[PDB]
Amino acid sequence: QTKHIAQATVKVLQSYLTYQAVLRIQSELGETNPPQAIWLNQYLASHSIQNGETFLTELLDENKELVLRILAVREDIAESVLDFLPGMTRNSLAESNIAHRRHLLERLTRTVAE
Amino acid sequence: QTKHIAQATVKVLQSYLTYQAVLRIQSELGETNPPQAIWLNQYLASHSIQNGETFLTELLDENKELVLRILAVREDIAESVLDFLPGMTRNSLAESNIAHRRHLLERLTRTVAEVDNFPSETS
């Protein structure tokens, strides 16, 4: 179970970083080469980015340059971010738990107080 | 920008982990309380879990105990997995580069044949 969930989570994470990389590049092209910026937007409109790898594999047959730029920027994002995720996520989980627990108590308290 | 991307990535992970927790819980209910297992399943079908936080918040109105069960199991899964993600993601990224590089080489190979046989594609 654990291994399989970890692997599944890594795919989701990588795909999210792929999308994050695509946004950065939408920006960059939104100055440099608007002809390619408009093209990328149209490409996104009809090609899902939910599976980053499938998205990249099909793009590579259509615009290899974009894919390489996406791969490079995704590397920069990954490296700037990966090592913070365990801690930041633990902090967010702890805060989530305290919040739902507080809401849950407010509910029982009202529902017991009358 | 980096901090904002990290913050957003955290929300995505947290929600994914709450989805995973909901599934583990619904399977455990499968033998423990089959009526509650079909109920959770149907609740999942009609309520989006793409934001795990609002999912849990709405669930509170229907079942307080279940929310806590989901939170606790979500912690189990997170602790079992979080520390592996940096390393495994780097491996997965290296593996993606190998696959795309291979694919680029396959395109290059086809272009060399087009050049060698110009304007024909092969032979």
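All chains are named by letter (A, B, ...) in the order of the sequence lines, taking the proteins before the strands, and each is independently numbered beginning at 1. What's counted below: heavy atoms across the whole structure, side chains too, no hydrogens, waters or symmetry copies.
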Quick one: list whatever passes salt bridge (charged side-chain N to carboxylate O under 4.0 Å, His left out) with [X], sequence neighbours left out.
X        : answer
A:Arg69  : A:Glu28
B:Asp116 : none
B:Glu79  : A:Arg90
B:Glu121 : B:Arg110

| How would you list, by chain and number, every residue that makes a side-chain hydrogen bond (donor to acceptor under 3.5 Å, both in side chains) with B:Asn63, sequence neighbours excluded? | B:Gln36

| said: If the condition is side-chain hydrogen bond (donor to acceptor under 3.5 Å, both in side chains), which residues does B:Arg24 pass it with, not counting sequence neighbours? | reply: A:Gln1

Looking at residues at least two apart in the chain, or sitting in another chain, which of them share a side chain to side chain contact (heavy atoms under 4.5 Å, CB included) with [X]?
X        : result
A:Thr111 : A:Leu108
B:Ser92  : A:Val10, A:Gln14
B:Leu71  : A:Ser96, A:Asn97, A:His100, B:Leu56, B:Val67, B:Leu68, B:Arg74
A:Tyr43  : A:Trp39, A:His47, A:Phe55, A:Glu58, A:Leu59, A:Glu62

| said: Does B:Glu53 form a side-chain contact (heavy atoms from CB on, under 4.5 Å) with B:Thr57? I'd like the steps, not just the answer. | reply: CA-CA 6 Å; B:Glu53 294 310 294; B:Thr57 287; 5.5 Å; no

| task | Would you list the pairs meeting ring-ring contact (aromatic ring centres under 6.0 Å, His included) in which at least one residue belongs to residues 101-123 of chain B, sequence neighbours left out? | result | none

| request: Sort and list the pairs that fulfil salt bridge (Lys or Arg N to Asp or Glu O under 4.0 Å) and have at least one residue in residues 35-45 of chain A, not counting sequence neighbours. | output: none

